[PDB]
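Note: ideal-geometry Cβ built from the backbone for every residue, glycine included; neighbour counts use all protein chains shown. Every number here is computed from the coordinates shown, using simple stated rules; none is lab data.
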Amino acid sequence: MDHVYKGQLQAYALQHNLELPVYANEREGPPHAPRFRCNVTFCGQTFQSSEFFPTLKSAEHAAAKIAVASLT
């Protein structure tokens with residue numbers, strides 16, 4: 001999985017002059033069944049996917065993907 005979403009959101013906020021973005025980190029699930037649910041708060045909006053990623057950063061990248069898409 002790539003990690004360009006963060007670079008885009010950061011540039012978007014700065015370019016548009018908006019309060020810095022905030023990410024949320026959640027980890028819960030058995031050893032062989034770990035789930036990382038990360039939420040992204042932007043412009044007073046928390047976007048989240050209906051699917052759980054097997055990795056932490058994976059959640060952040062996907063989180064921004066839906067977030068940046070909402071803005072445009």
Computed over the chain: longest principal axis from alpha-carbon atoms vs helix 5-16 long axis, angle to nearest 10 degrees, is 30
To the nearest 10 degrees, the tilt of helix 56-71 (Cα long axis) against the first principal axis of the alpha carbons of the chain is 40
Expressed in angstrom and ordered largest first, the alpha-carbon extents of the chain along the principal axes are 42, 24, 17
Ordering 4-10, 47-53, 61-67, 28-34 by per-residue average of other C-beta atoms within 10 angstrom, highest first, gives 61-67, 4-10, 47-53, 28-34
For the stretch 29-42, in residue order, the Karplus 3J(HN,Hα) values (coefficients 6.51, -1.76, 1.60; θ = phi - 60°; whole Hz; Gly and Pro = x) are x, x, x, 8, 9, x, 10, 10, 9, 10, 9, 10, 9, 9
Taking placed amide H atoms and a strict 5 Å upper bound, the residues 5 or more places from residue 41 or on another chain that come that close are 22, 23, 24
